[PDB]
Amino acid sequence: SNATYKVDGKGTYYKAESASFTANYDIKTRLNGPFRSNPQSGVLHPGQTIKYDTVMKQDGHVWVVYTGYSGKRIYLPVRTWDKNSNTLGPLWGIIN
């Protein structure tokens, strides 16, 4: 897997990707990195749209990363990911 991703020191796969994401559920966002155990930043509600710059795979999900007003980095899970099969669940929103 991950021929066109890189991998960081926590084993998170990442690559640059510029697009928007419109949520279709209340999706919890995280501070610090793409782990559900991290401190919560907040939520996207259905119909809210963010512009992201990086896609990551960690903690059972694909995540996208964007920047808050204050400059902080915010990590948003968008679908499930199975690492051993290299397959993805359905998106929880709309890309672009």
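One rule holds for the numbers: they count along the sequence shown, beginning at 1.
- Listed residues 29, 58, 70, 54 were ranked by CA B-factor as deposited; 70 comes out on top.
- Placement of the Cα temperature factor of residue 11 within the chain: middle third of the modelled residues, per the deposited record.
- Among the modelled residues of the chain, residue 48 sits in the middle third by CA temperature factor in this PDB entry.
- Split the chain's modelled residues into thirds by C-alpha temperature factor. Residue 80 is in the lowest one.
- Compared with the other modelled residues of the chain, the Cα B-factor recorded for residue 41 ranks in the lowest third.
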